[PDB]
Structures are given as structure tokens and as C-alpha cells.
């Protein structure tokens, strides 16, 4: 399986609780039909953060 490369999120919208955070598209290998699992990860100053309350 070709796990998609990590990359900046495309049209990620706002991060209201941390307005200047960075959104990354992150995928990892996984045991499913397509071989991977993906999610959006938000980071600010080197730490993962939540955007919504």
C-alpha cells in the first residue's frame, strides 16, 4: 500500500482556540482495506493543540 505522504492540510479552516496553529495531514500504516489511516493534526510552537472546545 501506498501510504499518502504527510503534508499541510488543504483548506484547513480556522483554529479558533489557537488562531495561529498549523494543520498537518498525517497518515500512518494500518491494518485495513487500504493500508493506512489519516487525520488532521494541529500544532503550535512545537506542541499539538486542540482547536475547538
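Numbering follows the first chain given and starts at 1.
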> Sorting the chain's CA B-factors, does residue 50 end up in the lowest, middle or highest third?
Replying inline: lowest
> Considering only modelled residues of the same chain, in which third does the CA B-factor of residue 25 rank: lowest, middle or highest?
Replying inline: middle
> With respect to C-alpha B-factor, does residue 18 fall in the lowest, middle or highest third of the chain as deposited?
Replying inline: middle
>> Ranking every modelled residue in this chain by its Cα temperature factor as given in the entry, which third contains residue 41?
In response: lowest
